[PDB]
file data.pdb (PDB, N, CA and C atoms)
ATOM      1  N   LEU Y   1    -150.225-224.712  54.573
ATOM      2  CA  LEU Y   1    -151.495-225.183  53.971
ATOM      3  C   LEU Y   1    -152.201-224.051  53.226
ATOM      4  N   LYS Y   2    -152.018-222.824  53.702
ATOM      5  CA  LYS Y   2    -152.732-221.673  53.166
ATOM      6  C   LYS Y   2    -152.378-221.414  51.704
ATOM      7  N   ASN Y   3    -151.114-221.097  51.438
ATOM      8  CA  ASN Y   3    -150.716-220.685  50.092
ATOM      9  C   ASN Y   3    -150.715-221.871  49.135
ATOM     10  N   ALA Y   4    -150.492-223.070  49.670
ATOM     11  CA  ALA Y   4    -150.413-224.280  48.850
ATOM     12  C   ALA Y   4    -151.672-224.458  48.013
ATOM     13  N   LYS Y   5    -152.819-224.272  48.652
ATOM     14  CA  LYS Y   5    -154.101-224.420  47.980
ATOM     15  C   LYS Y   5    -154.255-223.382  46.882
ATOM     16  N   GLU Y   6    -153.804-222.169  47.164
ATOM     17  CA  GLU Y   6    -153.928-221.077  46.217
ATOM     18  C   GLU Y   6    -153.036-221.317  45.001
ATOM     19  N   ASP Y   7    -151.821-221.816  45.237
ATOM     20  CA  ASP Y   7    -150.914-222.172  44.145
ATOM     21  C   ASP Y   7    -151.493-223.318  43.328
ATOM     22  N   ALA Y   8    -152.174-224.243  44.001
ATOM     23  CA  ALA Y   8    -152.821-225.361  43.325
ATOM     24  C   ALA Y   8    -153.931-224.864  42.409
ATOM     25  N   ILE Y   9    -154.837-224.071  42.973
ATOM     26  CA  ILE Y   9    -155.943-223.491  42.217
ATOM     27  C   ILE Y   9    -155.420-222.655  41.043
ATOM     28  N   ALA Y  10    -154.376-221.871  41.298
ATOM     29  CA  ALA Y  10    -153.751-221.059  40.257
ATOM     30  C   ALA Y  10    -153.177-221.938  39.152
ATOM     31  N   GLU Y  11    -152.498-223.005  39.555
ATOM     32  CA  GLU Y  11    -151.887-223.927  38.604
ATOM     33  C   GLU Y  11    -152.956-224.640  37.779
ATOM     34  N   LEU Y  12    -154.102-224.906  38.397
ATOM     35  CA  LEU Y  12    -155.236-225.480  37.677
ATOM     36  C   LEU Y  12    -155.768-224.495  36.643
ATOM     37  N   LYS Y  13    -155.853-223.222  37.014
ATOM     38  CA  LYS Y  13    -156.245-222.184  36.065
ATOM     39  C   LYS Y  13    -155.256-222.124  34.901
ATOM     40  N   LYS Y  14    -153.978-222.324  35.207
ATOM     41  CA  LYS Y  14    -152.937-222.401  34.180
ATOM     42  C   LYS Y  14    -153.123-223.647  33.307
ATOM     43  N   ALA Y  15    -153.523-224.750  33.930
ATOM     44  CA  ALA Y  15    -153.757-225.998  33.214
ATOM     45  C   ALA Y  15    -155.013-225.910  32.355
ATOM     46  N   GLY Y  16    -155.944-225.065  32.772
ATOM     47  CA  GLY Y  16    -157.186-224.899  32.045
ATOM     48  C   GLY Y  16    -158.360-225.545  32.754
ATOM     49  N   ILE Y  17    -158.353-225.496  34.077
ATOM     50  CA  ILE Y  17    -159.430-226.070  34.867
ATOM     51  C   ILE Y  17    -160.253-224.954  35.508
ATOM     52  N   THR Y  18    -161.440-224.706  34.969
ATOM     53  CA  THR Y  18    -162.299-223.636  35.470
ATOM     54  C   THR Y  18    -163.557-224.187  36.147
ATOM     55  N   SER Y  19    -163.486-225.423  36.615
ATOM     56  CA  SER Y  19    -164.623-226.056  37.266
ATOM     57  C   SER Y  19    -164.592-225.796  38.771
ATOM     58  N   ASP Y  20    -165.449-224.888  39.228
ATOM     59  CA  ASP Y  20    -165.526-224.561  40.643
ATOM     60  C   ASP Y  20    -166.281-226.180  42.464
ATOM     61  N   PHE Y  21    -166.716-227.438  42.405
ATOM     62  CA  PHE Y  21    -166.505-228.393  43.490
ATOM     63  C   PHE Y  21    -165.025-228.718  43.681
ATOM     64  N   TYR Y  22    -164.235-228.628  42.620
ATOM     65  CA  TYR Y  22    -162.810-228.924  42.733
ATOM     66  C   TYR Y  22    -162.085-227.840  43.521
ATOM     67  N   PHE Y  23    -162.439-226.579  43.282
ATOM     68  CA  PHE Y  23    -161.818-225.485  44.024
ATOM     69  C   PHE Y  23    -162.296-225.538  45.468
ATOM     70  N   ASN Y  24    -163.605-225.687  45.647
ATOM     71  CA  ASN Y  24    -164.165-225.777  46.967
ATOM     72  C   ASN Y  24    -163.493-228.071  47.865
ATOM     73  N   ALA Y  25    -163.097-229.095  47.104
ATOM     74  CA  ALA Y  25    -162.100-230.070  47.531
ATOM     75  C   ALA Y  25    -160.787-229.417  47.957
ATOM     76  N   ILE Y  26    -160.178-228.628  47.071
ATOM     77  CA  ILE Y  26    -158.867-228.044  47.361
ATOM     78  C   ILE Y  26    -158.921-227.127  48.585
ATOM     79  N   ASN Y  27    -159.958-226.302  48.691
ATOM     80  CA  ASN Y  27    -160.097-225.425  49.856
ATOM     81  C   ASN Y  27    -160.494-226.205  51.108
ATOM     82  N   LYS Y  28    -161.039-227.402  50.930
ATOM     83  CA  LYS Y  28    -161.406-228.247  52.065
ATOM     84  C   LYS Y  28    -160.262-229.199  52.430
ATOM     85  N   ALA Y  29    -159.256-229.277  51.555
ATOM     86  CA  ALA Y  29    -158.099-230.150  51.754
ATOM     87  C   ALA Y  29    -157.516-230.001  53.152
ATOM     88  N   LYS Y  30    -157.421-231.123  53.848
ATOM     89  CA  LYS Y  30    -157.000-231.139  55.242
ATOM     90  C   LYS Y  30    -155.481-231.042  55.353
ATOM     91  N   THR Y  31    -154.777-231.669  54.419
ATOM     92  CA  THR Y  31    -153.322-231.713  54.458
ATOM     93  C   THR Y  31    -152.729-231.294  53.106
ATOM     94  N   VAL Y  32    -151.471-230.859  53.102
ATOM     95  CA  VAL Y  32    -150.818-230.423  51.866
ATOM     96  C   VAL Y  32    -150.745-231.569  50.852
ATOM     97  N   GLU Y  33    -150.464-232.776  51.340
ATOM     98  CA  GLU Y  33    -150.418-233.959  50.479
ATOM     99  C   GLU Y  33    -151.758-234.166  49.776
ATOM    100  N   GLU Y  34    -152.847-233.876  50.479
ATOM    101  CA  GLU Y  34    -154.183-234.010  49.916
ATOM    102  C   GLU Y  34    -154.417-232.925  48.862
ATOM    103  N   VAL Y  35    -153.906-231.719  49.129
ATOM    104  CA  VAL Y  35    -153.954-230.630  48.151
ATOM    105  C   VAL Y  35    -153.260-231.057  46.854
ATOM    106  N   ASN Y  36    -152.024-231.535  46.990
ATOM    107  CA  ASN Y  36    -151.252-232.000  45.842
ATOM    108  C   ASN Y  36    -151.943-233.171  45.162
ATOM    109  N   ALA Y  37    -152.499-234.083  45.955
ATOM    110  CA  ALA Y  37    -153.191-235.247  45.416
ATOM    111  C   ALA Y  37    -154.349-234.825  44.527
ATOM    112  N   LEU Y  38    -155.119-233.851  44.995
ATOM    113  CA  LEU Y  38    -156.227-233.317  44.219
ATOM    114  C   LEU Y  38    -155.722-232.697  42.922
ATOM    115  N   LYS Y  39    -154.737-231.806  43.025
ATOM    116  CA  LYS Y  39    -154.186-231.140  41.844
ATOM    117  C   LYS Y  39    -153.682-232.158  40.820
ATOM    118  N   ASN Y  40    -152.858-233.091  41.280
ATOM    119  CA  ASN Y  40    -152.241-234.081  40.401
ATOM    120  C   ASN Y  40    -153.300-234.991  39.794
ATOM    121  N   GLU Y  41    -154.329-235.305  40.574
ATOM    122  CA  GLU Y  41    -155.417-236.140  40.087
ATOM    123  C   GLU Y  41    -156.182-235.425  38.978
ATOM    124  N   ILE Y  42    -156.508-234.153  39.203
ATOM    125  CA  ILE Y  42    -157.261-233.365  38.227
ATOM    126  C   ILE Y  42    -156.457-233.198  36.938
ATOM    127  N   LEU Y  43    -155.177-232.870  37.091
ATOM    128  CA  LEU Y  43    -154.275-232.726  35.952
ATOM    129  C   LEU Y  43    -154.194-234.019  35.150
ATOM    130  N   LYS Y  44    -153.868-235.120  35.823
ATOM    131  CA  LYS Y  44    -153.723-236.408  35.150
ATOM    132  C   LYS Y  44    -155.048-236.860  34.536
ATOM    133  N   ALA Y  45    -156.153-236.514  35.190
ATOM    134  CA  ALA Y  45    -157.476-236.885  34.704
ATOM    135  C   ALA Y  45    -157.790-236.194  33.385
ATOM    136  N   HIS Y  46    -157.522-234.898  33.319
ATOM    137  CA  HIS Y  46    -157.792-234.134  32.102
ATOM    138  C   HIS Y  46    -156.719-234.376  31.042
ATOM    139  N   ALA Y  47    -155.530-234.783  31.471
ATOM    140  CA  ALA Y  47    -154.461-235.128  30.542
ATOM    141  C   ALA Y  47    -154.792-236.421  29.803
TER     142      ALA Y  47
END
call {"tool": "encode", "arguments": {"input": "data.pdb", "output": "structure tokens"}}
result
Amino acid sequence: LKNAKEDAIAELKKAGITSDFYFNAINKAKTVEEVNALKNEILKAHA
């Protein structure tokens, strides 16, 4: 769970997401699936 969130946040920075409640959802993410869900949702949303 630890590094997953960091890779997600990093990948968002790569995607071009600099909006910080999303970083603080990802850091609150209870499960890895939820981490991925957030990342994929944000990506698809901005896409």
call {"tool": "resolve_selection", "arguments": {"input": "data.pdb", "expression": "the PyMOL selection byres ((chain Y and resi 5) around 8)", "output": "list in words"}}
result
residues 1, 2, 3, 4, 6, 7, 8, 9, 10, 11, 26, 27, 29, 32, 35 and 36 of chain Y
call {"tool": "atom_distance", "arguments": {"input": "data.pdb", "atom1": "atom C of residue 12 (chain Y)", "atom2": "atom N of residue 31 (chain Y)"}}
result
19.2 Å
call {"tool": "select_by_dssp", "arguments": {"input": "data.pdb", "residues": "chain Y", "states": "alpha helix (DSSP H)", "output": "PyMOL selection string"}}
result
chain Y and resi 2-15+20-26+32-46
call {"tool": "atom_distance", "arguments": {"input": "data.pdb", "atom1": "atom N of residue 44 (chain Y)", "atom2": "CA of residue 24 (chain Y)"}}
result
17.8 Å
call {"tool": "atom_distance", "arguments": {"input": "data.pdb", "atom1": "atom C of residue 43 (chain Y)", "atom2": "CA of residue 25 (chain Y)"}}
result
15.2 Å
call {"tool": "build_atoms", "arguments": {"input": "data.pdb", "residues": "region 21-38 of chain Y", "atoms": "N, CA, C and O atoms", "output": "PDB file, keeping the file's coordinate frame"}}
result
ATOM      1  N   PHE Y  21    -166.716-227.438  42.405  1.00  0.00           N
ATOM      2  CA  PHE Y  21    -166.505-228.393  43.490  1.00  0.00           C
ATOM      3  C   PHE Y  21    -165.025-228.718  43.681  1.00  0.00           C
ATOM      4  O   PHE Y  21    -164.604-229.051  44.783  1.00  0.00           O
ATOM      5  N   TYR Y  22    -164.235-228.628  42.620  1.00  0.00           N
ATOM      6  CA  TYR Y  22    -162.810-228.924  42.733  1.00  0.00           C
ATOM      7  C   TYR Y  22    -162.085-227.840  43.521  1.00  0.00           C
ATOM      8  O   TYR Y  22    -161.234-228.145  44.360  1.00  0.00           O
ATOM      9  N   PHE Y  23    -162.439-226.579  43.282  1.00  0.00           N
ATOM     10  CA  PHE Y  23    -161.818-225.485  44.024  1.00  0.00           C
ATOM     11  C   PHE Y  23    -162.296-225.538  45.468  1.00  0.00           C
ATOM     12  O   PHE Y  23    -161.495-225.477  46.404  1.00  0.00           O
ATOM     13  N   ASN Y  24    -163.605-225.687  45.647  1.00  0.00           N
ATOM     14  CA  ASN Y  24    -164.165-225.777  46.967  1.00  0.00           C
ATOM     15  C   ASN Y  24    -163.493-228.071  47.865  1.00  0.00           C
ATOM     16  O   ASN Y  24    -162.988-227.803  48.957  1.00  0.00           O
ATOM     17  N   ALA Y  25    -163.097-229.095  47.104  1.00  0.00           N
ATOM     18  CA  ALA Y  25    -162.100-230.070  47.531  1.00  0.00           C
ATOM     19  C   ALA Y  25    -160.787-229.417  47.957  1.00  0.00           C
ATOM     20  O   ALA Y  25    -160.333-229.623  49.081  1.00  0.00           O
ATOM     21  N   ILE Y  26    -160.178-228.628  47.071  1.00  0.00           N
ATOM     22  CA  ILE Y  26    -158.867-228.044  47.361  1.00  0.00           C
ATOM     23  C   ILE Y  26    -158.921-227.127  48.585  1.00  0.00           C
ATOM     24  O   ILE Y  26    -158.041-227.183  49.439  1.00  0.00           O
ATOM     25  N   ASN Y  27    -159.958-226.302  48.691  1.00  0.00           N
ATOM     26  CA  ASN Y  27    -160.097-225.425  49.856  1.00  0.00           C
ATOM     27  C   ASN Y  27    -160.494-226.205  51.108  1.00  0.00           C
ATOM     28  O   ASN Y  27    -160.314-225.725  52.225  1.00  0.00           O
ATOM     29  N   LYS Y  28    -161.039-227.402  50.930  1.00  0.00           N
ATOM     30  CA  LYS Y  28    -161.406-228.247  52.065  1.00  0.00           C
ATOM     31  C   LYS Y  28    -160.262-229.199  52.430  1.00  0.00           C
ATOM     32  O   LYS Y  28    -160.296-229.845  53.482  1.00  0.00           O
ATOM     33  N   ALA Y  29    -159.256-229.277  51.555  1.00  0.00           N
ATOM     34  CA  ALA Y  29    -158.099-230.150  51.754  1.00  0.00           C
ATOM     35  C   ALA Y  29    -157.516-230.001  53.152  1.00  0.00           C
ATOM     36  O   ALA Y  29    -157.172-228.901  53.588  1.00  0.00           O
ATOM     37  N   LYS Y  30    -157.421-231.123  53.848  1.00  0.00           N
ATOM     38  CA  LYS Y  30    -157.000-231.139  55.242  1.00  0.00           C
ATOM     39  C   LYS Y  30    -155.481-231.042  55.353  1.00  0.00           C
ATOM     40  O   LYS Y  30    -154.957-230.405  56.267  1.00  0.00           O
ATOM     41  N   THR Y  31    -154.777-231.669  54.419  1.00  0.00           N
ATOM     42  CA  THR Y  31    -153.322-231.713  54.458  1.00  0.00           C
ATOM     43  C   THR Y  31    -152.729-231.294  53.106  1.00  0.00           C
ATOM     44  O   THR Y  31    -153.412-231.366  52.076  1.00  0.00           O
ATOM     45  N   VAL Y  32    -151.471-230.859  53.102  1.00  0.00           N
ATOM     46  CA  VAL Y  32    -150.818-230.423  51.866  1.00  0.00           C
ATOM     47  C   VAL Y  32    -150.745-231.569  50.852  1.00  0.00           C
ATOM     48  O   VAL Y  32    -150.959-231.363  49.656  1.00  0.00           O
ATOM     49  N   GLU Y  33    -150.464-232.776  51.340  1.00  0.00           N
ATOM     50  CA  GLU Y  33    -150.418-233.959  50.479  1.00  0.00           C
ATOM     51  C   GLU Y  33    -151.758-234.166  49.776  1.00  0.00           C
ATOM     52  O   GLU Y  33    -151.803-234.557  48.612  1.00  0.00           O
ATOM     53  N   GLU Y  34    -152.847-233.876  50.479  1.00  0.00           N
ATOM     54  CA  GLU Y  34    -154.183-234.010  49.916  1.00  0.00           C
ATOM     55  C   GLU Y  34    -154.417-232.925  48.862  1.00  0.00           C
ATOM     56  O   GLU Y  34    -155.026-233.180  47.821  1.00  0.00           O
ATOM     57  N   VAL Y  35    -153.906-231.719  49.129  1.00  0.00           N
ATOM     58  CA  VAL Y  35    -153.954-230.630  48.151  1.00  0.00           C
ATOM     59  C   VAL Y  35    -153.260-231.057  46.854  1.00  0.00           C
ATOM     60  O   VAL Y  35    -153.834-230.969  45.761  1.00  0.00           O
ATOM     61  N   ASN Y  36    -152.024-231.535  46.990  1.00  0.00           N
ATOM     62  CA  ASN Y  36    -151.252-232.000  45.842  1.00  0.00           C
ATOM     63  C   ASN Y  36    -151.943-233.171  45.162  1.00  0.00           C
ATOM     64  O   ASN Y  36    -151.985-233.235  43.938  1.00  0.00           O
ATOM     65  N   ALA Y  37    -152.499-234.083  45.955  1.00  0.00           N
ATOM     66  CA  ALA Y  37    -153.191-235.247  45.416  1.00  0.00           C
ATOM     67  C   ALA Y  37    -154.349-234.825  44.527  1.00  0.00           C
ATOM     68  O   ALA Y  37    -154.536-235.369  43.435  1.00  0.00           O
ATOM     69  N   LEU Y  38    -155.119-233.851  44.995  1.00  0.00           N
ATOM     70  CA  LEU Y  38    -156.227-233.317  44.219  1.00  0.00           C
ATOM     71  C   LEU Y  38    -155.722-232.697  42.922  1.00  0.00           C
ATOM     72  O   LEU Y  38    -156.199-233.044  41.844  1.00  0.00           O
TER      73      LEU Y  38
END
